[PDB]
Amino acid sequence: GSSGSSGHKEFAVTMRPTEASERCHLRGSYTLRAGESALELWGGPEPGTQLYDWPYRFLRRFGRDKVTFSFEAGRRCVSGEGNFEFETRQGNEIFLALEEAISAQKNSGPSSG
């Protein structure tokens, strides 16, 4: 942390109406976070655990919109395939974070122990 902050950057999002969300039958607002290998999303009671963490590798494509941030989830996922939408303005960050990791894992050689 020579510049300022490396990680630990969460983003408040709201469950919006979507074909996918429907199946999930979600309600309320959850927390959005970007991990190293997969995505992070807390919801349960404190402290909390990652249950919606989607594996980037699977994420074929994704897009961020100042108005709303969404992405395309593949198959064989906890939540399921479809298009999820998150209510946030700083979405720009959320996206970048993902790329940062996807690029990092490669930036450095093969992680061993």
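Under the PDB entry, the protein chain has the name Docking protein 2, isoform a and belongs to Homo sapiens.

1. Regarding the sheet that holds strand 3 (residues 39-40)
The antiparallel open sheet is built from three strands, whose spatial order is 1-2-3. Across the chains shown, the open sheet's two edge strands, defined by having one partner strand only, are strand 1 (11-14) and strand 3. Note that strand 1 and strand 2 (residues 29-34) share four bridges and pair antiparallel. What sits directly across from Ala12, in strand 2, is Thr31.

2. Topic: helix 2 (residues 91-107)
The end-to-end C-alpha distance of helix 2 is 24 Å, a good match for the 24 Å that 17 residues give at a rise of 1.5 Å each. What helix 2 keeps buried is the set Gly91, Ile94, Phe95, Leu98 and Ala101. Relative to the axis of helix 2, the buried residues are bounded by an arc of 125° and lie together on one face. For helix 2, the exposed residues set more than 90 degrees away from the buried face come down to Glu100 and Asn107. Buried positions along helix 2 lie against strand 1, strand 2, strand 3, strand 4 (62-65) and strand 5 (68-73).

3. A word on the sheet that holds strand 4
With antiparallel pairing, three strands are arranged side by side in an open sheet as 4-5-6. The sheet terminates laterally at strand 4 and strand 6 (82-86), the two strands that pair on one side only. Neighbour-to-neighbour, the strand axes of the sheet open up by a mean angle of 15°, direction not taken into account. Two elements, strand 5 and strand 6, share five bridges in a ladder whose sense is antiparallel. Following the sheet pairing, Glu72 is matched in strand 6 by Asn83. The sheet contacts of helix 2 involve strand 4 and strand 5, and relative to strand 4 the element is tilted by about 150°.

The rules behind the values
- Residues numbered from 1 in each chain as written, not as in the entry; some residues may be left out.
- Heavy atoms only, no water.
- Pairing = 2+ DSSP bridges.
- Helix = DSSP H or I, 4+ residues; strand = E, 2+ residues; numbered from the N terminus.
- Expected span 1.5 Å × (residues − 1).
- Buried < 20%, exposed > 50% of the residue type's maximum accessible area, 1.4 Å probe, protein only.
- Arc of directions from axis to C-beta.
- Contact = heavy atoms within 4.5 Å.
- Axes fitted to C-alpha atoms, helices over the stretch in contact; angles between N-to-C directions.

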